[PDB]
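[1] Starting from these lines, generate the structure:
(chains A, B, C, D and E)
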Amino acid sequence: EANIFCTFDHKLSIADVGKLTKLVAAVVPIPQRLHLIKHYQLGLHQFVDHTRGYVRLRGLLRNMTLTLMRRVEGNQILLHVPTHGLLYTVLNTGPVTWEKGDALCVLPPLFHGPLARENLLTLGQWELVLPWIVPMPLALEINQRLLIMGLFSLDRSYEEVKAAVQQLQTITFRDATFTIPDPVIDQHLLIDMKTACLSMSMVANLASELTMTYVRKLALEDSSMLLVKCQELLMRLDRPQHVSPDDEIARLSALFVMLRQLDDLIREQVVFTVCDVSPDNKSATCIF
Amino acid sequence: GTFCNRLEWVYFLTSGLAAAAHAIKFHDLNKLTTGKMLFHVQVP
Amino acid sequence: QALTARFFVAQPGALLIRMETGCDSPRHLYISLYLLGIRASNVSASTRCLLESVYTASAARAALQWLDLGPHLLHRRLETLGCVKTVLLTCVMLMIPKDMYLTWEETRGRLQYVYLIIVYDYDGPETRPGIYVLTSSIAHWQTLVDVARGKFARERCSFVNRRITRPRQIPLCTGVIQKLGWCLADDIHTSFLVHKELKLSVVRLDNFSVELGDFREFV
Amino acid sequence: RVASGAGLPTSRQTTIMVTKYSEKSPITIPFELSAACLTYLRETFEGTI
Amino acid sequence: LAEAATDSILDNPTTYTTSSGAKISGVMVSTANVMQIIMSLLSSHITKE
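    Numbers count the residues shown, from 1 in each chain, chains lettered A, B, ... in the order given. Coordinates below:
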């Protein structure tokens, strides 16, 4: 129940098992969670399909379980499901620099730029594509940025959307570069934007009559830089009578839960949080 | 009040399937990956 | 893997729910899961009539006093504690009626989680809750709330209808999803139970591993 | 138990310990003795042939 | 019919051993007519000893 065995129809050469033995304690997802599996569902290449959606893979790899590869000795790969809480050691191949505080979330491997696309195990129809382990701010930035690609680009031509997303696909986080290749507008995007529309309308309706005019009062009172930003963001379309304490308490409770059900579309529950990074940025000892 | 008592022992060599076997005990198979025993034939 | 306590209060299959009392002396109350069957509106009226017939107490009248005191606020008072090892009593920190249990699949995934689902109706006078318990195979929360939004669209319509027809009355959520642990696909079995010489239709879950979640509010 | 290293599972329980109960089945048979036969058996009147 | 019955739990292996060191595996029993047709039908395998 804890150890998951697998097999190939090929045999394994010393070159291939030497490529593979370097990947001890590497993360590999499983679509099924059964005791014995085949290698044609191991990894992710059963599920990759271009011109279908990077967001579909982001919603699908989110749903698989996760394992750690160790103890390879010939036709036995021995994926091991991590228990809830013990300290494990992992290994990342997705090129992002890590930090002792930053937690982790899994993303499908976007293309990085060099047209390398390293697959590290090449068989007759199946390569081994590997899930990216990335820190939490890049995961939140990826989720919010492809939601911006979905929500911004409805009812537009290809030209201004091309000029916008050519500079909006780039995320420069910790001296790297990134690209979000397939933000395609699926029914999943439409239900995500429908929940976003409902939550935005609820927080626009059942918020207070004094929270709408707070930044107006700071505009009339104070002067900062982000205040000038707020005035340039809101000023284009331009004594408290009502006081109610407990109605404001219930109003902020409703505002909180609707903000949470807006925030759920980008914020995944964390999958790993480190205790130490290897100083050459290869392995890390994380708890989950 | 009883449990299982009535079994017997069977070995690999004392069974008649061992005629199809050249039984080798070699204490290092967990390190071995593939054993190739390869031939060279010439034709007449 | 038993993690126990003692809880100041016949089957092992019960979920002790700690509901908050509006009275100030107990400050909370340990109601078992079967007594949400009398407040549920998805359930059959005959089983509701049976549990109303068997379980009349003074504390049941105080229960109806303090749950119907503040409507659409029951998730602020809902709090589970886990399963019963033996019944004063103890509880570790599975018996389910036939109609409050539901599944949206062919229930043929091998490892499947369980999930308390409640919903809030508004199209009548004030509020009618409906208690469910959802054995499903989905692990991640966002995919589960997508299929819950797909399966419960009428309650979302009732939620927005309440927010547009009663502006002085503010709701909070449409319900609660919360995991409790997992049972496999084989020990789930339609079954039978008789309590105090009464016929009641029960479906049982046998090999439970207790692992709680949080009352995640959704829409 | 035989064992294999394949994905099909093996059981761990060895030497199952069962108890067996006995069923009762009694058997009877009568035999009769006349009081004349008993009195001529015990009290020998030592008289004659 | 003989091999289809499973074996017993215990046996005292010096009991019901015939002459020249062979072992009895059971008991089969019918009435006299089935025994008569069996003795008439299998007259070489049958050994009285």
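[2] make it CA atoms for all contacts and neighbour counts henceforth
    Will do.
[3] ok, the spatially closest residue to residue C:7 that is not a sequence neighbour - contacts?
    Counting by CA to CA, 6 or more residues apart in numbering or on different chains, residue C:7 lies nearest to residue C:90, which is 5.7 Å off, once chain neighbours are set aside. Residues near residue C:90 by CA atoms under 8 Å, 6 or more residues apart in numbering or on different chains: C:4-7, C:84.
[4] helix or strand for the residue in chain B that chain E sits nearest to, which one?
    Nearest residue of chain B to chain E: residue B:6, at 5.4 Å (CA to the nearest CA). If you go by DSSP states H and E, residue B:6 is not part of any helix or strand.
[5] Could you find the closest non-adjacent residue to the residue in chain D that chain A sits nearest to?
    Residue of chain D nearest chain A, by CA to the nearest CA: residue D:7 (4.3 Å). Of all residues not flanking residue D:7 in the chain, residue A:36 sits nearest, at 4.3 Å (CA to CA, 6+ apart).
[6] ok, so what distance separates that neighbour from residue A:30?
    Residue A:36 is 11 Å from residue A:30, where distance means CA to CA, to the nearest Å.
[7] more neighbours, the two?
    Each of residue A:36 and residue A:30 has its neighbours counted (other CA atoms under 10 Å in any protein chain shown); residue A:30 has more, 21 against 17.
[8] Contact partners for that one?
    Contacts here follow CA under 8 Å, 6+ apart; on that basis residue A:30 touches A:41-43, A:64-67.
[9] Tell me where chain D has helices.
    D:35-42 (DSSP state H).
[10] if I read this right, residue A:275 contacts residue A:287, doesn't it?
    Yes - contact criterion CA atoms under 8 Å: residue A:275 and residue A:287 qualify, at 7.3 Å.
[11] list residues touching both of those two?
    Counting by CA under 8 Å, 6+ apart, nothing touches both residue A:275 and residue A:287.
[12] got the contact list for the residue nearest to residue D:7?
    By CA under 8 Å, 6+ apart, the contact list for residue A:36 reads A:4-6, D:6-8.
[13] and it, what are its bridge partners?
    With DSSP bridges as the criterion, residue A:36 is bridged to residue A:5.
[14] rewinding a little: as JSON lines, the contacts of residue A:30 with neighbour count and distance to residue C:188 would be great.
    Below are these laid out as JSON lines (neighbours: other CA atoms under 10 Å in any protein chain shown; distance: CA to CA, whole Å):
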{"residue": "A:41", "neighbour count": "16", "distance to residue C:188": "28"}
{"residue": "A:42", "neighbour count": "20", "distance to residue C:188": "29"}
{"residue": "A:43", "neighbour count": "19", "distance to residue C:188": "31"}
{"residue": "A:64", "neighbour count": "17", "distance to residue C:188": "24"}
{"residue": "A:65", "neighbour count": "16", "distance to residue C:188": "23"}
{"residue": "A:66", "neighbour count": "21", "distance to residue C:188": "26"}
{"residue": "A:67", "neighbour count": "21", "distance to residue C:188": "27"}
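[15] can you put those in CSV and add distance to residue D:41?
    Listed next are these as CSV, based on distance: CA to CA, whole Å:
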residue, distance to residue D:41
A:41, 97
A:42, 98
A:43, 101
A:64, 98
A:65, 96
A:66, 97
A:67, 96
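[16] Those residues also near chain C: which ones?
    Among these, not one lies near chain C by CA under 8 Å from any CA of the partner chain.
[17] Most neighbours of all the contacts of residue C:90, which one?
    That'd be residue C:84 among these, by other CA under 10 Å, with 20 neighbours.
[18] doesn't residue C:12 make contact with it?
    Yes - counting by CA under 8 Å, residue C:84 does reach residue C:12; the two are 4.8 Å apart.
[19] Keep only those of the contacts of residue C:90 that are in helices.
    Going by DSSP H, the helices hold none of the contacts of residue C:90.
[20] From the contacts of residue A:36, keep the buried residues only.
    Listed as buried from these are A:4-6; burial here means 16 or more other CA atoms under 10 Å in any protein chain shown.
[21] Go through the residues you listed and say which is closest to chain E.
    Taking CA to the nearest CA as the measure, chain E sits nearest to residue A:5 out of those, at 37.3 Å.
[22] Residue A:35 is in contact with the closest one, correct?
    Yes - Residue A:5 lies in contact with residue A:35 (CA under 8 Å); the separation is 6.6 Å.
[23] what does the longest helix belonging to chain C rub up against?
    With secondary structure taken from DSSP H, chain C has its longest helix at helix C:153-165. Residues outside helix C:153-165 that contact it (CA under 8 Å, 6+ apart): C:119-123, C:169-171, C:174, C:219.
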